[PDB]
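Protein chains in written order, with PDB author numbering: chain N, 30 to 124; chain R, 30 to 124; chain H, 30 to 124; chain L, 20 to 102; chain P, 20 to 102; chain K, 37 to 133; chain O, 37 to 133; chain M, 10 to 118; chain Q, 10 to 118; chain G, 10 to 118.
Where a beta carbon is used, it is the ideal one built from N, C-alpha and C, also for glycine.
Single-structure report; data block below.
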Amino acid sequence: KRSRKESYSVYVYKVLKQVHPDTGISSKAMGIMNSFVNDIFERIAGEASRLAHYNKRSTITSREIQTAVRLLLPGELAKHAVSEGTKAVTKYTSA
Amino acid sequence: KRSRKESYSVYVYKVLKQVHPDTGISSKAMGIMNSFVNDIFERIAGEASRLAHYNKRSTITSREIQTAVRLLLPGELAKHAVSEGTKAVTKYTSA
Amino acid sequence: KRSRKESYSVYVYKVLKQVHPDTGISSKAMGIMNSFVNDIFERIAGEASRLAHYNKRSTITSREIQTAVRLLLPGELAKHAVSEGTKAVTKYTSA
Amino acid sequence: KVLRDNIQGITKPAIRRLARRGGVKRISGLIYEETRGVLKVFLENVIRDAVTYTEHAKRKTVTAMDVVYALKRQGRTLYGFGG
Amino acid sequence: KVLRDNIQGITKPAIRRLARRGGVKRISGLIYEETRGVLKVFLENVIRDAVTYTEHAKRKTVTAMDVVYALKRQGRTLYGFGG
Amino acid sequence: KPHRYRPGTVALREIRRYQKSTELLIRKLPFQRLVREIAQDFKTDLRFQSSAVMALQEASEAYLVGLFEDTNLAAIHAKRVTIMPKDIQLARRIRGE
Amino acid sequence: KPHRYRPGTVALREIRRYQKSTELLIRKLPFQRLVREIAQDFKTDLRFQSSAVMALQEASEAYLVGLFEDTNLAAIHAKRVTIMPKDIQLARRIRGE
Amino acid sequence: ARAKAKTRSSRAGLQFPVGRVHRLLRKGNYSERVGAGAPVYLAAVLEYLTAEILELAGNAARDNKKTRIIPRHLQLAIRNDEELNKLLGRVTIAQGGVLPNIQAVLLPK
Amino acid sequence: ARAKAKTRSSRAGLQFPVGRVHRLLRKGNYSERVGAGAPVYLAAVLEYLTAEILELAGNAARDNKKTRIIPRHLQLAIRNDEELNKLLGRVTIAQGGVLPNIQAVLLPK
Amino acid sequence: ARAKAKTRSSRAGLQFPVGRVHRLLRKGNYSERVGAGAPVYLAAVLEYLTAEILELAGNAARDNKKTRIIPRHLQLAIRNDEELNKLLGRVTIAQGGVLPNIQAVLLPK
DNA sequence: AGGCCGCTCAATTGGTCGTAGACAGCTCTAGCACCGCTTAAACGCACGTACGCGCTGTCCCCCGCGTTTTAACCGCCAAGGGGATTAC
DNA sequence: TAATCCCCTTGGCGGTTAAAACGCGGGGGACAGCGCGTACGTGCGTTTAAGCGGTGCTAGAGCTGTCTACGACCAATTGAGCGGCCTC
């Protein structure tokens, strides 16, 4: 075999079947979405690191992440992302 | 009772008097110079972290930093910075 | 059985490989380099001797040689020479 | 203590002065309110970021470091304010 | 061994079709060579960084992933070749 | 007769006079009032370091200046000297605004 | 009489079609040879993945189409339908290049 | 005597790998400690954006009567959401084409 | 009993602190481990860069018959060099103004 | 027993032999006593000028597609610099040739 | 207000140490480069068809300019407390 | 996170022209209608290297044991470097 390389194919596919059970996907689009999730991951991670230095915080928490989302992500996308992440962190806090 | 805030004032004053003994300075010019040194330091340091991640290097060495010099610093300044940097690492290894 | 003859070989080789790591050397060009080194050395040394006489100074320091550089070499390379010489005496006194 | 019309506090001759610094000779009558609007949008973006910084810093006084970071995030990095 | 002219290989009808994709209805005859020059400049800028990556990688065969790194450096991030 | 310069002469005198100038071209107090005004909409009772107000002033002034070299490059491109706000919107939208 | 379209008609049809279509409009192999001959201008005898050549390609055409959109913006700002290189140099200056 | 090793994504009720995101942040050099809700919140944001993009892509594929996600559909979906557009202004999609954008001055009378 | 304190900046012979640049790089969360040539090379590069900044400032001040650097001199120094302009295209300077720059169309005749 | 020695060339961090230049100064009959900054200053000046002319030799060689220096390149480098011509106006170079220099009246039409 | 000079402070680093990072070596193997094969896509090219661009004279009008007025800006002053910071 | 303090900001106030505000004779600016040289989209045949599909292969891509250079870290100690100052 070869070395296992991490991709986001299966999570994109699960989320796709959440939002569109009926459709297929091209592997080119899968790679584009892998590039998307990695790129936005690096954007938000770097911005959270920026604010961690700005607030002199040795730890990046969900407060920092929410701040970075409110910075980068615009408007209604930002506030529904706040709603989604808040709901998710309440469910995970309640396990 | 007060707390110390570090700045690059004495070093820029040193090299200014090294290159121009007769030339004065204003403090807000030093504010711009401090902004300069922190800005370019963070640019090159972020590029060096990028190169460390890309080549899977957990260590940012002289090769990473000169690579970042060839990337962000353009043209003639890059080859000079190569020249005195090579001179500097050479005389440091002799030190 | 032979006797050693000194030249300025390896030092010019070092600084050429500092400014041009990939550039080769023809040997009679190197003879012109040695003759140039001795020529300019003797010019500046005689200039130091005449300045030492005129100031009635029996010791020739960096001030005499700086004066000699100011006299023989016109302008731009002379002030450059003052620049590395000042940096060199600065770093030598620091060493 | 509410303020209502201080976008006009950035005066018409101030706009003329800035365009003279910008090297604009002749300025139409339509220009000034458009400049007011675009500077309003730009300031709103910058201080939105600054307010986000300040609430994330749990502070009340707006500091110039937040201004510096906000301008950095808009690709408008400023030298000369303790950066 | 060496090649001297393949910027001509970015042909004029290719430029014409791209300007149709770029929305240009009429293209000067002066456009093609200066577009070749400016894309020449941009490709030199990209590949110079790519080469810098390449011998920073100790490799001799150029990969797409360093091309992605260089384009993301130059503010022209592309989706579809990372990883 | 009173001395009267031709239209554009005093304009060019202003051009040279404000390129050689380095000082701020905005009154300080209404700019501070405006930033307090706009920021009160986003968060109540906001207080401002006067240095931060001056930083906002200088950054805004230079941002509008850079917008104006973009504008008059578009204007000389459009063969006009009386800039009109479509020039600014062109500069913004080509810039990506 | 053989059929002939008025000027701009085939141009507009091409505009519609390559806005509809997504494929590359430049030949891949002269592009590849250009990549290699400019590579040897920096470092000789480099080898290139075909994936690297293609990623460089859609980077190139995307950059080009961005410049031509800005060029169209400048040209209609210059009240024109035909672009001349002053449009492209102007937009290049506006992008800060 | 350990209980069931449950997945943190399903603990968040989510699909995105919490372990992968948290590990990448621990290895991405942003902060040596990462708050516990930080990768869960981040992955929730990622899944929300991913879900809405995939929904737009499926709707655009249905619009052009296709049943498979296409990079053309990605271009036509993301570039037609203005907050996604200004979120991704300098982002290139490979083989996505361009938006159909003809200027009104270019159209005939 | 102990070696003499002779700093690594003096080992580089350069006024920029090797120690301070190294600790800012290590604290800057770029890598937990930093090669030895990296901070000395960076300090050499920065001191060189600030050096030509200082000759450009010095002859700009000498042109305007003042011995002291004003940020107007910094404006004239930065904006009149093409590689520094390429370094600082998006960088804003406090109280620098602009270049003396008038288009040829604005002049009479 | 003894401190391990560095060359004073290494103490300057310059490649020219400080010991050799100093002994050739002291034995050249210019002064019986020589200040410490004199030979190191002289050697720094000399190393700079040789480095500058070697840079000219290297890029002139690269212009002629030759990897190695030739005194034709040295002739071109000295004769095309004003200040080095002022340094070496009366100086003859072995096998160097001259500048390509044709007067305007010598050229046809 | 630069700068300078006496005061403090944390910072910087050497000797050693313990651990992992990646460099070099090395094999392997799979796609890059190379090479010879067929094909209609590319292509570019001269051609006569329709249209682009910016310009003279004019036309209409639009701020730039030149002082006057004016009210609030600016610079100064005395008062309150907010919050920012800093050791715990 | 409770304190807190002190210092830095915020509202108030007694005048000031600097700054804003204003209306007017005025030259300049913007710019379409339309003649006019003209600069290039367009039908469509042709060439040839581009496209296609086809092969032996090895230079390097990538993988795998090594091992030593390689650099971070703790009690300590310093010499530089900064919080102050004042004054020329």
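R:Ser64 is classed as buried because its beta carbon has at least 16 other beta carbons within 10 Å across all chains shown. Nearest CB-CB separation between O:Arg52 and chain M: below the 9 angstroms threshold.
Using a Cβ-Cβ cut-off of 9 angstroms, Q:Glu41 counts as an interface residue toward chain M, since at least one Cβ of chain M sits closer than that to its own.
P:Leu62 and N:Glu76 have their C-alpha atoms roughly 30 angstroms apart. Between the alpha carbons of N:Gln95 and M:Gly98 lies a gap of roughly 22 angstroms. Listed along the chain, the chain R residues whose CB falls inside 8 angstroms of the CB of Q:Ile111 amount to none; the nearest CB is some 25 angstroms away.
Interface residue (Cβ-Cβ distance to chain P less than 9 angstroms): O:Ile119 is classified as such.
For the segment 92-104 of chain N, the set of residues with a beta-carbon nearer than 9 angstroms to any beta-carbon of chain L comprises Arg92, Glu93, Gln95, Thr96, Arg99, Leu100, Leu101, in chain order. Assigned with DSSP and collapsed to three states, Q:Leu108 falls in coil, not helix or strand. Look at L:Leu97: its C-beta is under 9 angstroms from a C-beta on chain Q. Under the Cβ distance rule, N:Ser32 does not count among the residues neighbouring chain M, no pair being separated by less than 9 angstroms. With contact defined as three or more Cβ pairs closer than 8 angstroms, the segment 56-74 of chain R and the segment 69-83 of chain Q are in contact. Taking 8 angstroms as the Cβ-Cβ cut-off, the segment 22-35 of chain G approaches chain R at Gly22, given in chain order.
R:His82 sits away from M:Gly46, with the two beta carbons spaced by 9 angstroms or more. Taking all protein chains in view, the Cβ of H:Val66 is crowded by 16 or more other Cβ atoms within 10 Å, so the residue is classified as buried. Looking at the DSSP output, Q:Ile102 shares a beta bridge with L:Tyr98. Between the C-alpha atoms of Q:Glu41 and R:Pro103 there is a straight-line separation of about 28 angstroms.
Within the segment 51-68 of chain G, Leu51, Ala52, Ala53, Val54, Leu55, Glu56, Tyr57, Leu58, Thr59, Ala60, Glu61, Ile62, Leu63, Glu64, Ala66, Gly67, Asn68 place their CB atoms closer than 9 angstroms to a CB of chain H, listed in sequence order.
Judged by DSSP in its simplified three-state form, R:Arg92 adopts helix. Considering only beta carbons, the part of the segment 54-85 of chain N lying closer than 9 angstroms to chain L consists of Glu76, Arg79, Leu80, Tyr83, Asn84, in chain order.
Contact between the segment 98-106 of chain O and the segment 71-86 of chain O is absent: fewer than 3 CB-CB pairs across the two stretches fall below 8 angstroms.
When rounded, the separation of the alpha-carbon atoms in L:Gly101 and H:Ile73 is 49 angstroms.
For R:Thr115, the closest Cβ of chain G is not nearer than 9 angstroms. Rounded to whole angstroms, O:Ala95 and Q:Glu61 show a C-alpha spacing of 36 angstroms. In its chain, beyond the 5 residues on either side, no residue has a beta carbon closer than 8 angstroms to the beta carbon of H:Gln47.
The Cβ-Cβ distance between R:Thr88 and Q:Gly44 falls below 9 angstroms.
Annotated three-state conformation of P:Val70 is helix, per DSSP. Beta bridge pairing from DSSP links K:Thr118 with L:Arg45.
In the structure shown, L:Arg23 falls within a coil segment according to DSSP collapsed to helix, strand and coil.
Per DSSP, O:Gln93 is one residue of the alpha helix (DSSP H) stretching across 86-113. In the displayed model, P:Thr80 falls within a strand according to three-state DSSP. Taking a Cβ-Cβ threshold of 9 angstroms, none of the residues of chain R is close to L:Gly42; the smallest such distance is about 23 angstroms. For H:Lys43, the nearest CB of chain G lies under 9 angstroms from its own CB, placing it at the interface with that chain.
The three-state reading of DSSP puts R:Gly104 in coil, since its state is none of H, G, I, E or B. The beta carbon of Q:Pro48 sits closer than 7 angstroms to those of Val27, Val30, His31, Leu34, all from its chain and outside the five residues before and after it, given in chain order.
Taking a contact to require three or more Cβ pairs closer than 8 angstroms, the segment 24-42 of chain P and the segment 58-69 of chain O qualify as touching.
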